[PDB]
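The structure appears below as structure tokens.
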Amino acid sequence: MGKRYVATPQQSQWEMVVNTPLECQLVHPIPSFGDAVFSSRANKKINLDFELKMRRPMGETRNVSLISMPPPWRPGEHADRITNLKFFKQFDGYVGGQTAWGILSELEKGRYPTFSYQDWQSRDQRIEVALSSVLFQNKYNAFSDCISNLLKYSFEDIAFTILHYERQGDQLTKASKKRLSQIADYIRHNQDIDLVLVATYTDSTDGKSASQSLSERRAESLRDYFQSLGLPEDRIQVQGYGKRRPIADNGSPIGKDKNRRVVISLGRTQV
Amino acid sequence: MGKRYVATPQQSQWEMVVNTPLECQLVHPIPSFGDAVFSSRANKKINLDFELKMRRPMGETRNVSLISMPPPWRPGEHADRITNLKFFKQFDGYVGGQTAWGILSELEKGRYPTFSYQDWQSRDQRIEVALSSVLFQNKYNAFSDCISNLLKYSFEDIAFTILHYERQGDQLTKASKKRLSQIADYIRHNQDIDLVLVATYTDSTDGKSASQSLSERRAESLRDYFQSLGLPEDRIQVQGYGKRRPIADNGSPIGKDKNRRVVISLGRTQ
Amino acid sequence: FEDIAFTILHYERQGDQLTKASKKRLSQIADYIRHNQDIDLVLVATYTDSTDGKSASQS
Amino acid sequence: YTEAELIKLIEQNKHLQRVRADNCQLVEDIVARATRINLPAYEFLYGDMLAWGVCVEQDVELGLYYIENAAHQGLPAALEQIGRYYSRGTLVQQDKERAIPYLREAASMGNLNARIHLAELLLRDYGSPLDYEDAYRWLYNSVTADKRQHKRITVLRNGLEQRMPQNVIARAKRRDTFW
Amino acid sequence: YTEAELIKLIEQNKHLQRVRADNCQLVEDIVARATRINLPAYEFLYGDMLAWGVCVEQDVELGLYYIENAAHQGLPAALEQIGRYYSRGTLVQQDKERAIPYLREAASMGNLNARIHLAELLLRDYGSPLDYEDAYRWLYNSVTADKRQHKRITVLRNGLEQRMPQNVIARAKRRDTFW
Amino acid sequence: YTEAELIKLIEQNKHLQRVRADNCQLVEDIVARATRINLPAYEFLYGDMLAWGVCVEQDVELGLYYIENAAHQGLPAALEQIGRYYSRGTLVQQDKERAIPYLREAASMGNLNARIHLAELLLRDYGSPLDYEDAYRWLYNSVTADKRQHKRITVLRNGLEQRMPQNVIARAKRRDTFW
């Protein structure tokens, strides 16, 4: 009789740990072993991480077998082999791509995703780690609701933005307002940004002094807005250029529309 | 076995989420899967969109089979193959044209429209998603009533309008008043319209100062009318161009009446 | 204690604040210190670049 | 050019031919009048000159912009030209269903070409029956001197008549309609 | 050059040929204007010259530096240049997904080549199917006189449409005004 | 010697050769600068002179003391030298596990030799996987001009990549890292 770590029906519980439009996290505590964490994050593409976190870290890199074992209260059902992973030394077990969604699917069918491997802390004997499907469906519904409410863009998608101003007044165009609202949502939920460069320009309609004054006016308005979003003053560096440095032909109204722009660059360092 | 997503008779509910003369939205929550949304919009043509919105987005583009499966409580009835769709990656399932109306019809007969396809999130195994017909009749009647009370024109049909004035007086013609009533209805029912541009201008019969005065009086009357619809004053723009900028050959009786006109241009924030 | 006993941190180009990684390492040092009562001595040796004047550098 | 003569030349589709016949001596005047005074006839002429690149350089975006401004002010020929550009895919991406409103407005203002093109598009199922009546009306009381165009208008009228009930046909033939 | 002249030269991809024709007299002028006042058009021209060694010694690293300097200013041509370099692997390591964000901004600025290449990359599965709607919108609103470019844009539009529900295609075709 | 030249000679491992080439005429200056001013470059130079007994007499303890003082102030070459002394058992008792922290700090400061030696030690199981990431990171964005060393760095990078999951590898390649 070997070691099998699974939560009994009275012990099994699933929790939604992080429920925000930037990340969803679902945690299943495996008693005497650790946690199983499903993490999804805001991105342009479908992503899911499964991390088997162990109290005692992995002793050696081992080949692990992922199977969809039936629970004891399901006689007459055979086990479906899912895949073979590799768990690495002193790192949490990681499953990603379609296999993590497969683990969620096998849990949705009342089955037990079982990882079998040889444990270094256990005299190199084979042990099983199973995820219990008891009390899972409600939390899976909450997790999918959270996934449906994730922002459809990441920081890489708002890093460098060129907005445009209208011909009359100091107000942004509709598309520019929409992009600014996206930036506002992500900043409101993250606030980690450490460099906010706001370089404003104008068209050639006004004089050099008037264009410079207008550009600096709009730059400072944006700076106040970004402060209202919660970013500290030090991270914001606004700069008005007025009519200087055109990017288009000012001889056409299309060129003037292109030239009334503001460049917002967001920079952060992960380290 | 297989994964079948359907609302049991105790769970099935239909709702009319948007009920306005500009949009109709009938929503059926499919438990553990998502929503099924029928949307009709004010337009000149018959239009209905069916969207299978999923909590977990579509993993990959898959061929989908639409069948009209009988419910369990209808023994002896066979299933009708409706059609074959394609559900695309990271997009909600969309059915349009006659097939969406056919889905509504198959629900009216008491049947279950079933979409069958291989789910990427489910280890590429075949899954079924069905729309329940329980508690559908009353909401289908409400949906048909709202579709009956839809405007027969869209934003594209009224966004640019040119109206004409009578030969003597400050009032618009009959047809121009009818078009202005259409514009007022669409504006009063649409909250996304932000900009109104009014450009009155007249014929060459009167003097230049007189032409400008008439054009400006007409522009101010139209601005007051647009204010009456509820738009804030910072959104309406009105300009009178007098007898300048003629679009037709002044001198002909028809040409002068052509030039005695107002341009109304709407602008929305969709 | 062997992994943090010697630490070298860096400052930003403009300002009196440490870099991000240096603040992370300082947080690690603070955790180890706050949990270890056997640490007796802390030696700090700040020094800067040659861009500013000698008096300014010392300040 | 006077405004009336330019308008009449625009309606006949000879403004570009006339400007070529002048060996493009008034180009500066056309540019100044269009850009500064915003005269719809001159805006349409300048837009056509820029778009197809006659004498002046070929600037498709700016030419379409000035044509759209002439349309903004409401020149029926400008609306018809934008409509047929959308319907035929000339200088723009072909979208007949987008072409329909422009042609409809130009037809409602009195442009015979717009009326014929709109009826042709509707008879190809590129709109809705909720237009036929008006279109039929616009084709009913329209006077042309060209026998070919007269025959075409009659054919389109019969094609529209084969698709509406007697109630709607009676209402269409029995309405106040001009131009 | 004034700057509008230089910008127009850049947009036609003839600026390097222009500098070659002028017998490399503009060299120091370009260098001074680029690195002293930081004019984006002159910055892009200097970066191109440094990249290909036109009238100057070749410096790929600094050439790309000045091209980036121009791109971050807002120049539609520098952004497309950076995106095309990342996608093709010219002067840098090939990287399509790094290219896409640059191409997007140039396409939103009005650059036709950026729109076309963005559509080509998206149809080659180098982006999530959440950039399709914007690419289709940009191609749909594109205007061109070159029949080859017109046909290319139409084919790319059809290719993009073969991956979208057609409730997204309709949303891409909607505008905020009659025009 | 100026401080900068001495530092550069230390990094190239030619400070001792240079001092020999001077026929050891500046020995008094080196001693005075190291002992009194505590200049880290001169402290490292004096420690190497005392340790290996070039010109000056061989005083291993005092030489290691002055090298350790140069390290105290933070000369990366001093940390790397102490690390490789511990790892190879040169003048000290061989303790690779004790060598690891010194090499790690020198690598974190930017010493390429320290990075390669630390990766080699880790690949021999003389540390923990909790280092691989950083070490891999330090080996990833490191630029060398020697083809032999470049090949060695690539080999060590692959050796480290064969031992971490895709999550950690992704995090390592996606971090702010300099020197």
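So you can find residues: chains in the structure tokens are A, B, ... in the order shown, residues in each start at 1, and ligands are numbered from 1 in order.
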
*asked:* Near chain E, meaning an atom within 12 Å, which residues of chain D appear when counting only C-alpha atoms? Write them as a PyMOL selection string.
replied: chain D and resi 50-53+58-65+67-69+71-72+79+82-83+85-86+89-95+97-102+105

*Write out as an NGL selection string each polymer residue whose atoms come within 9 Å of region 227-244 of chain A, counting only C-alpha atoms; drop sequence neighbours fewer than 6 positions from it.*
(:A and (184 or 187-188 or 191-220 or 259-260)) or (:E and (39))

_d(CA of residue 96 (chain A), CA of residue 70 (chain A)) in Å_ = 22.6 Å

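For chain D placed onto chain E with an all-Cα least-squares superposition, the residual RMSD comes to 1.7 Å.
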
_Could you list, as a PyMOL selection string, every residue within 9 Å of residue 216 (chain B), counting only C-alpha atoms and ignoring same-chain residues fewer than 5 positions away?_
chain B and resi 200-201+211+221+238-242

Keeping N, CA and C atoms, export the residues of the selection given above as a PDB file, in the first residue's frame.
ATOM      1  N   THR B 200     -27.997  75.865 -42.417  1.00  0.00           N
ATOM      2  CA  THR B 200     -29.076  76.477 -43.181  1.00  0.00           C
ATOM      3  C   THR B 200     -28.513  77.406 -44.245  1.00  0.00           C
ATOM      4  N   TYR B 201     -29.170  77.445 -45.402  1.00  0.00           N
ATOM      5  CA  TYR B 201     -28.825  78.436 -46.410  1.00  0.00           C
ATOM      6  C   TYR B 201     -29.985  78.554 -47.386  1.00  0.00           C
ATOM      7  N   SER B 211     -30.745  87.513 -46.701  1.00  0.00           N
ATOM      8  CA  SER B 211     -30.490  86.080 -46.786  1.00  0.00           C
ATOM      9  C   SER B 211     -29.807  85.574 -45.523  1.00  0.00           C
ATOM     10  N   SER B 221     -33.937  78.426 -34.917  1.00  0.00           N
ATOM     11  CA  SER B 221     -35.143  77.641 -34.665  1.00  0.00           C
ATOM     12  C   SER B 221     -34.821  76.151 -34.609  1.00  0.00           C
ATOM     13  N   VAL B 238     -24.828  75.132 -35.087  1.00  0.00           N
ATOM     14  CA  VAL B 238     -25.730  75.722 -36.071  1.00  0.00           C
ATOM     15  C   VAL B 238     -25.049  76.893 -36.764  1.00  0.00           C
ATOM     16  N   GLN B 239     -25.132  76.934 -38.090  1.00  0.00           N
ATOM     17  CA  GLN B 239     -24.527  77.994 -38.884  1.00  0.00           C
ATOM     18  C   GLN B 239     -25.444  78.364 -40.040  1.00  0.00           C
ATOM     19  N   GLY B 240     -25.594  79.664 -40.286  1.00  0.00           N
ATOM     20  CA  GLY B 240     -26.373  80.137 -41.415  1.00  0.00           C
ATOM     21  C   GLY B 240     -25.511  80.699 -42.527  1.00  0.00           C
ATOM     22  N   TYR B 241     -25.602  80.120 -43.721  1.00  0.00           N
ATOM     23  CA  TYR B 241     -24.759  80.530 -44.836  1.00  0.00           C
ATOM     24  C   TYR B 241     -25.451  81.470 -45.814  1.00  0.00           C
ATOM     25  N   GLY B 242     -26.683  81.883 -45.534  1.00  0.00           N
ATOM     26  CA  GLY B 242     -27.337  82.853 -46.399  1.00  0.00           C
ATOM     27  C   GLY B 242     -27.511  82.322 -47.807  1.00  0.00           C
TER      28      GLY B 242
END

*asked:* Set the distance at 8 Å and use only C-alpha atoms: which residues neighbour region 13-16 of chain E once local chain neighbours fewer than 4 positions away are removed? I'd like the list as JSON, numbers by chain.
replied: {"E": [6, 9, 20, 45, 48, 49, 54]}

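Every chain E residue lying within 7 Å of chain B, based on only C-alpha atoms, is listed here: residues 129, 163, 164, 165, 167, 176, 177 and 178 of chain E.
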
*Please return as a ChimeraX atom specification: the residues of region 29-205 of chain B that backbone DSSP assigns to alpha helix (DSSP H).*
/B:98-108,137-148,155-158,174-189

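In this structure, CA of residue 107 (chain A) sits 22.6 Å away from CA of residue 11 (chain B).
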
*chain C contacts to chain F at 10 Å (only C-alpha atoms) as an MDAnalysis selection string*: chainID C and resid 2:9 20:21 45:47

Produce a file of the selected residues containing N, CA, C and O atoms, as a PDB file, in the first residue's frame.
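Full text of part31.pdb as output:
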ATOM      1  N   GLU C   2      24.544  33.172   4.285  1.00  0.00           N
ATOM      2  CA  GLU C   2      25.645  33.263   3.331  1.00  0.00           C
ATOM      3  C   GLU C   2      25.211  33.974   2.057  1.00  0.00           C
ATOM      4  O   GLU C   2      26.037  34.558   1.349  1.00  0.00           O
ATOM      5  N   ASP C   3      23.917  33.922   1.737  1.00  0.00           N
ATOM      6  CA  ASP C   3      23.443  34.447   0.463  1.00  0.00           C
ATOM      7  C   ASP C   3      23.174  35.945   0.500  1.00  0.00           C
ATOM      8  O   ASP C   3      23.034  36.559  -0.563  1.00  0.00           O
ATOM      9  N   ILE C   4      23.093  36.548   1.686  1.00  0.00           N
ATOM     10  CA  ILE C   4      22.698  37.949   1.798  1.00  0.00           C
ATOM     11  C   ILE C   4      23.685  38.745   2.638  1.00  0.00           C
ATOM     12  O   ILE C   4      23.541  39.964   2.777  1.00  0.00           O
ATOM     13  N   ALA C   5      24.671  38.070   3.227  1.00  0.00           N
ATOM     14  CA  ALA C   5      25.573  38.757   4.147  1.00  0.00           C
ATOM     15  C   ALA C   5      26.311  39.897   3.456  1.00  0.00           C
ATOM     16  O   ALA C   5      26.586  40.929   4.073  1.00  0.00           O
ATOM     17  N   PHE C   6      26.638  39.734   2.179  1.00  0.00           N
ATOM     18  CA  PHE C   6      27.211  40.805   1.373  1.00  0.00           C
ATOM     19  C   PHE C   6      26.234  41.147   0.262  1.00  0.00           C
ATOM     20  O   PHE C   6      25.854  40.272  -0.525  1.00  0.00           O
ATOM     21  N   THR C   7      25.837  42.414   0.189  1.00  0.00           N
ATOM     22  CA  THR C   7      24.886  42.873  -0.810  1.00  0.00           C
ATOM     23  C   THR C   7      25.370  44.195  -1.377  1.00  0.00           C
ATOM     24  O   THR C   7      25.884  45.039  -0.637  1.00  0.00           O
ATOM     25  N   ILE C   8      25.226  44.370  -2.685  1.00  0.00           N
ATOM     26  CA  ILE C   8      25.557  45.622  -3.350  1.00  0.00           C
ATOM     27  C   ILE C   8      24.318  46.094  -4.096  1.00  0.00           C
ATOM     28  O   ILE C   8      23.763  45.363  -4.926  1.00  0.00           O
ATOM     29  N   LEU C   9      23.870  47.304  -3.775  1.00  0.00           N
ATOM     30  CA  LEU C   9      22.658  47.880  -4.333  1.00  0.00           C
ATOM     31  C   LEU C   9      23.013  49.089  -5.184  1.00  0.00           C
ATOM     32  O   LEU C   9      24.068  49.698  -5.003  1.00  0.00           O
ATOM     33  N   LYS C  20      14.686  49.176  -8.661  1.00  0.00           N
ATOM     34  CA  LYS C  20      13.679  48.179  -8.316  1.00  0.00           C
ATOM     35  C   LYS C  20      14.322  46.928  -7.725  1.00  0.00           C
ATOM     36  O   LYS C  20      13.935  46.466  -6.642  1.00  0.00           O
ATOM     37  N   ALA C  21      15.316  46.373  -8.419  1.00  0.00           N
ATOM     38  CA  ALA C  21      15.974  45.161  -7.945  1.00  0.00           C
ATOM     39  C   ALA C  21      16.685  45.404  -6.622  1.00  0.00           C
ATOM     40  O   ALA C  21      16.714  44.531  -5.745  1.00  0.00           O
ATOM     41  N   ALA C  45      28.257  51.224   3.197  1.00  0.00           N
ATOM     42  CA  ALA C  45      29.268  52.040   2.517  1.00  0.00           C
ATOM     43  C   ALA C  45      28.687  52.579   1.211  1.00  0.00           C
ATOM     44  O   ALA C  45      28.876  51.990   0.146  1.00  0.00           O
ATOM     45  N   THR C  46      27.995  53.714   1.294  1.00  0.00           N
ATOM     46  CA  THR C  46      27.455  54.348   0.098  1.00  0.00           C
ATOM     47  C   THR C  46      28.550  55.093  -0.648  1.00  0.00           C
ATOM     48  O   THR C  46      29.443  55.685  -0.037  1.00  0.00           O
ATOM     49  N   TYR C  47      28.477  55.076  -1.977  1.00  0.00           N
ATOM     50  CA  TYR C  47      29.362  55.911  -2.774  1.00  0.00           C
ATOM     51  C   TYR C  47      28.772  56.043  -4.169  1.00  0.00           C
ATOM     52  O   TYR C  47      28.021  55.173  -4.615  1.00  0.00           O
TER      53      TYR C  47
END

For chain A against chain F, with a cut-off of 7 Å and counting only C-alpha atoms, what is the closest atom pair and its distance in Å to one decimal for every residue that makes the cut, ordered by chain and number, as a Markdown table?
| residue | atom | partner | partner_atom | distance |
| --- | --- | --- | --- | --- |
| A:88 | CA | F:164 | CA | 6.3 |
| A:89 | CA | F:129 | CA | 6.7 |
| A:90 | CA | F:129 | CA | 6.3 |
| A:94 | CA | F:165 | CA | 6.9 |
| A:269 | CA | F:176 | CA | 5.5 |
| A:270 | CA | F:175 | CA | 5.2 |
| A:271 | CA | F:176 | CA | 4.8 |

Could you write out the selected residues, including C-alpha atoms, as a JSON list (two decimals), in the first residue's frame?
[["chain", "number", "residue", "atom", "x", "y", "z"],
["A", 88, "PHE", "CA", 11.54, 19.58, -12.00],
["A", 89, "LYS", "CA", 13.68, 19.78, -8.89],
["A", 90, "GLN", "CA", 12.69, 22.47, -6.37],
["A", 94, "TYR", "CA", 3.63, 23.06, -14.19],
["A", 269, "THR", "CA", 10.87, 46.82, -15.49],
["A", 270, "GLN", "CA", 9.87, 43.34, -14.32],
["A", 271, "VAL", "CA", 13.08, 42.80, -12.33]]

_Residue list for chain B near chain A as number ranges by chain, 8 Å, only C-alpha atoms_ = B: 3, 32, 54-57, 59, 90, 120-123, 269

Please dump the current selection as a PDB file, in the first residue's frame; keep N, CA and C atoms.
ATOM      1  N   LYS B   3     -20.406  15.666 -22.714  1.00  0.00           N
ATOM      2  CA  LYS B   3     -20.793  16.870 -21.988  1.00  0.00           C
ATOM      3  C   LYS B   3     -21.914  17.556 -22.759  1.00  0.00           C
ATOM      4  N   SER B  32     -23.754  26.725 -16.869  1.00  0.00           N
ATOM      5  CA  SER B  32     -22.386  26.235 -16.928  1.00  0.00           C
ATOM      6  C   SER B  32     -21.718  26.474 -18.273  1.00  0.00           C
ATOM      7  N   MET B  54     -19.887  32.306 -24.854  1.00  0.00           N
ATOM      8  CA  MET B  54     -19.328  31.285 -23.989  1.00  0.00           C
ATOM      9  C   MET B  54     -18.480  31.938 -22.912  1.00  0.00           C
ATOM     10  N   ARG B  55     -18.595  31.431 -21.684  1.00  0.00           N
ATOM     11  CA  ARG B  55     -17.740  31.910 -20.606  1.00  0.00           C
ATOM     12  C   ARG B  55     -16.277  31.647 -20.926  1.00  0.00           C
ATOM     13  N   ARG B  56     -15.951  30.409 -21.267  1.00  0.00           N
ATOM     14  CA  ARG B  56     -14.613  30.067 -21.712  1.00  0.00           C
ATOM     15  C   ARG B  56     -14.551  30.203 -23.225  1.00  0.00           C
ATOM     16  N   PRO B  57     -13.704  31.075 -23.766  1.00  0.00           N
ATOM     17  CA  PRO B  57     -13.775  31.385 -25.197  1.00  0.00           C
ATOM     18  C   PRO B  57     -13.445  30.181 -26.062  1.00  0.00           C
ATOM     19  N   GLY B  59     -11.735  27.692 -28.207  1.00  0.00           N
ATOM     20  CA  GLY B  59     -10.320  27.387 -28.285  1.00  0.00           C
ATOM     21  C   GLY B  59      -9.780  27.405 -29.700  1.00  0.00           C
ATOM     22  N   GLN B  90     -11.773  32.344 -30.445  1.00  0.00           N
ATOM     23  CA  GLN B  90     -11.893  33.539 -29.615  1.00  0.00           C
ATOM     24  C   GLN B  90     -13.060  34.429 -30.020  1.00  0.00           C
ATOM     25  N   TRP B 120     -12.175  22.384 -27.727  1.00  0.00           N
ATOM     26  CA  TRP B 120     -10.733  22.395 -27.508  1.00  0.00           C
ATOM     27  C   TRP B 120     -10.401  22.349 -26.023  1.00  0.00           C
ATOM     28  N   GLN B 121     -11.156  23.081 -25.202  1.00  0.00           N
ATOM     29  CA  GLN B 121     -10.968  23.048 -23.757  1.00  0.00           C
ATOM     30  C   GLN B 121     -11.326  21.704 -23.147  1.00  0.00           C
ATOM     31  N   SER B 122     -11.956  20.813 -23.905  1.00  0.00           N
ATOM     32  CA  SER B 122     -12.391  19.529 -23.377  1.00  0.00           C
ATOM     33  C   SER B 122     -11.662  18.382 -24.057  1.00  0.00           C
ATOM     34  N   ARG B 123     -10.353  18.527 -24.249  1.00  0.00           N
ATOM     35  CA  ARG B 123      -9.509  17.472 -24.806  1.00  0.00           C
ATOM     36  C   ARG B 123      -9.995  17.030 -26.182  1.00  0.00           C
ATOM     37  N   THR B 269     -21.671  58.056 -30.885  1.00  0.00           N
ATOM     38  CA  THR B 269     -20.564  57.425 -30.167  1.00  0.00           C
ATOM     39  C   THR B 269     -20.988  55.990 -29.880  1.00  0.00           C
TER      40      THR B 269
END

*Could you name the residues that touch region 123-125 of chain F at 9 Å or less, counting only C-alpha atoms, but leaving out those on the same chain fewer than 4 positions away, as number ranges by chain?*
F: 118-119, 129, 132, 156, 159-160

Generate a file of the selected residues that holds N, CA and C atoms, formatted as a PDB file, in the first residue's frame.
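Writing done, so here's part-v8.pdb:
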ATOM      1  N   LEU F 118      29.981  30.070 -12.427  1.00  0.00           N
ATOM      2  CA  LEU F 118      28.806  29.758 -11.624  1.00  0.00           C
ATOM      3  C   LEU F 118      27.882  28.790 -12.346  1.00  0.00           C
ATOM      4  N   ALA F 119      27.664  28.999 -13.647  1.00  0.00           N
ATOM      5  CA  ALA F 119      26.838  28.065 -14.405  1.00  0.00           C
ATOM      6  C   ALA F 119      27.471  26.680 -14.434  1.00  0.00           C
ATOM      7  N   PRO F 129      18.638  24.544  -7.676  1.00  0.00           N
ATOM      8  CA  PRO F 129      17.894  25.022  -8.845  1.00  0.00           C
ATOM      9  C   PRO F 129      17.360  26.434  -8.675  1.00  0.00           C
ATOM     10  N   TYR F 132      19.311  28.624 -10.925  1.00  0.00           N
ATOM     11  CA  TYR F 132      19.386  28.438 -12.374  1.00  0.00           C
ATOM     12  C   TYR F 132      18.817  29.636 -13.111  1.00  0.00           C
ATOM     13  N   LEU F 156      26.284  26.149 -21.926  1.00  0.00           N
ATOM     14  CA  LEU F 156      25.828  26.255 -20.542  1.00  0.00           C
ATOM     15  C   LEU F 156      24.371  26.695 -20.476  1.00  0.00           C
ATOM     16  N   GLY F 159      22.342  23.695 -21.153  1.00  0.00           N
ATOM     17  CA  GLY F 159      22.408  22.825 -19.991  1.00  0.00           C
ATOM     18  C   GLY F 159      21.502  23.282 -18.867  1.00  0.00           C
ATOM     19  N   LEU F 160      21.402  24.596 -18.668  1.00  0.00           N
ATOM     20  CA  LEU F 160      20.479  25.120 -17.666  1.00  0.00           C
ATOM     21  C   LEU F 160      19.031  25.014 -18.134  1.00  0.00           C
TER      22      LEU F 160
END

*Up to 12 Å from chain A, what residues of chain C turn up? Count only C-alpha atoms and give them as a ChimeraX atom specification.*
/C:14-15,17,19-25

Output file for the selection above: C-alpha atoms, as a PDB file, in the first residue's frame:
ATOM      1  CA  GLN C  14      18.176  60.966 -10.957  1.00  0.00           C
ATOM      2  CA  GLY C  15      16.892  60.850  -7.384  1.00  0.00           C
ATOM      3  CA  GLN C  17      15.800  56.183  -4.406  1.00  0.00           C
ATOM      4  CA  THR C  19      16.447  50.771  -8.214  1.00  0.00           C
ATOM      5  CA  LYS C  20      13.679  48.179  -8.316  1.00  0.00           C
ATOM      6  CA  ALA C  21      15.974  45.161  -7.945  1.00  0.00           C
ATOM      7  CA  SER C  22      17.939  46.904  -5.202  1.00  0.00           C
ATOM      8  CA  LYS C  23      14.721  47.560  -3.280  1.00  0.00           C
ATOM      9  CA  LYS C  24      13.805  43.885  -3.682  1.00  0.00           C
ATOM     10  CA  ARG C  25      17.182  42.811  -2.289  1.00  0.00           C
TER      11      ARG C  25
END
